[PDB]
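Working notes for the structure below.
With ideal geometry, Cβ positions are generated from the backbone for all residues, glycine too; neighbour counts draw on all protein chains shown. Readers should treat all values here as calculations from the given coordinates under stated rules, not as data from a laboratory.
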Amino acid sequence: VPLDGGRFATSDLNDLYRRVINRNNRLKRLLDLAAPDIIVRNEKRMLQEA
Amino acid sequence: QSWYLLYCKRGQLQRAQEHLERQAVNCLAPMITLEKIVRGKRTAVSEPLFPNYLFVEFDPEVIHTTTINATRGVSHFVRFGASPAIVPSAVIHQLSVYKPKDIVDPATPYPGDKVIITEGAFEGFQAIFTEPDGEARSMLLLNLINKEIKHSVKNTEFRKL
Amino acid sequence: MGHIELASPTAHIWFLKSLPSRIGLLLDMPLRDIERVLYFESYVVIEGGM
DNA sequence: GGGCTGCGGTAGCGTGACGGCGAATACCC
DNA sequence: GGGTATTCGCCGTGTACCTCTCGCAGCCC
RNA sequence: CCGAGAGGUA
């Protein structure tokens, strides 16, 4: 919901879900494009930590 | 020397690459020319096939990992733990010749596909590509509840499904 | 509710770091080596065999 | 103009709570 | 081979109300 | 109409 102005008082949960979905979409694209071992390792690592 | 992997900031691989070219650090990033809608204009941009990832070859004695970590445009080394990761020479060798398949293009529309409209008096209408005019705009077979129409529009007022 | 299909599976961190770790003393395995497996700096065998 | 994204930088910032408790491990067998 | 003994990192630290300001900067896509 | 920071009454 917005506070009184032109900007939304954002919530922390939507930041967390947006971070998880962005990392998961990047990981799907890298598993599709057959990235090397260390790149998809880092991608799954950042997904785990997110 | 050896090879390390750097994750960079989003959309600053070029700037970090320019700083590491001003330094003595050999970079490597598989660039593929992907046809991407920038601002309404289908511009083929030689963008990285990977995300913000980048490869460097240096030795820690010559230029230190702290100095590489503090480079303008670099987020961090890929670590997995304490030390930054070593990629083996086979990965660098097999990422010399690569990028075979296509101009794959996530989220930019190819013609002969199905889209949606994002603004205007046709917002919410699924459309078929008949024939875009080139690399500048597109032409769309828009649906209605009675009869389909067609229109020559720029690439900001519609997006792919 | 809804869901997100993770392209790689993910250890739930409550069951990993509840102290004592449920995964830890379930696998008869120390928490340090489990985090070394999960955060992608060690391998652990499955069906070593011969 | 705006979608995104988490230190800004070719390092270093942190520094003035305190107790209890239970597990993880160090030292010495 | 386990039996202490030290370290470490997790928990926790009053209630109710009232007022005020301030709440993304940068940016290279 | 949610969070942070500062102050106050009991």
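Summary table below
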{"quantity": "Peptide-level mean, for B:76-88, of C-beta atoms on other protein chains within 10 Å", "calculated": "3"}
{"quantity": "Neighbouring partner chain Cβ atoms per residue of B:40-48, average, 10 Å criterion", "calculated": "0"}
{"quantity": "Burial ranking of peptide ranges C:22-28, A:7-13, B:5-11 (average Cβ count within 10 Å, highest at the top)", "calculated": "B:5-11, C:22-28, A:7-13"}
{"quantity": "P(r) of chain C over all Cα-Cα pairs, binned every 5 Å from zero, in whole percent", "calculated": "5, 16, 22, 22, 16, 11, 5, 2, 0, 0"}
{"quantity": "Histogram of C-alpha separations across the stretch B:102-161, 10 Å bin width, %", "calculated": "23, 60, 16, 2"}
{"quantity": "DSSP-loop GluC sites (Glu not before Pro) across the stretch B:28-116, with at most 15 other Cβ within 10 angstrom", "calculated": "B:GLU61"}
{"quantity": "Inter-site label distance for B:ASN143 and A:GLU49 at 7 Å from Cα along Cβ, in nm", "calculated": "4.4"}
{"quantity": "Kirkwood Rh in Å, taken over all unlike Cα pairs in the protein assembly as shown", "calculated": "22.2"}
{"quantity": "Extension reserve of the B:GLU21-B:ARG72 stretch, reckoned as 0.36 nm per residue once the Cα distance is removed", "calculated": "17.2 nm"}
{"quantity": "Chain A: projected area of the alpha-carbon convex hull, averaged over directions, in nm²", "calculated": "4.3"}
{"quantity": "For the stretch B:46-101, diffusion coefficient by Stokes-Einstein and Kirkwood Rh (Cα), 10 °C, 1.306 mPa s, µm²/s", "calculated": "119"}
{"quantity": "Candidates B:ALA44, B:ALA136, B:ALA121, ranked by Gaussian network fluctuation over chain B, Cα under 10 Å, top entry", "calculated": "B:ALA121"}
{"quantity": "Cα-based convex hull volume of chain B per residue, rounded to whole Å³", "calculated": "141"}
{"quantity": "Degrees between helix B:13-22 axis and first principal axis of chain B (Cα, 0 to 90, nearest 10)", "calculated": "30"}
{"quantity": "MRE, 222 nm, helices only [DSSP H, n ≥ 4, -39500 (n - 2.57), over chain B, to nearest 500]", "calculated": "-3500 deg cm²/dmol"}
{"quantity": "Calculated FRET value between B:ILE63 and C:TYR43, using beta carbons and R₀ = 35 Å, to 0.05", "calculated": "0.65"}
{"quantity": "Peptide A:30-36 - average C-beta neighbours from other chains (10 Å radius)", "calculated": "6"}
{"quantity": "Counted charge near B:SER2, where neighbours are those whose Cβ lies closer than 12 Å (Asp, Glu -1; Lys, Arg +1)", "calculated": "-3"}
{"quantity": "Cut-off 13 Å between beta-carbons: net charge of the residues surrounding B:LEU49, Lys and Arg +1, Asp and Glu -1", "calculated": "+1"}
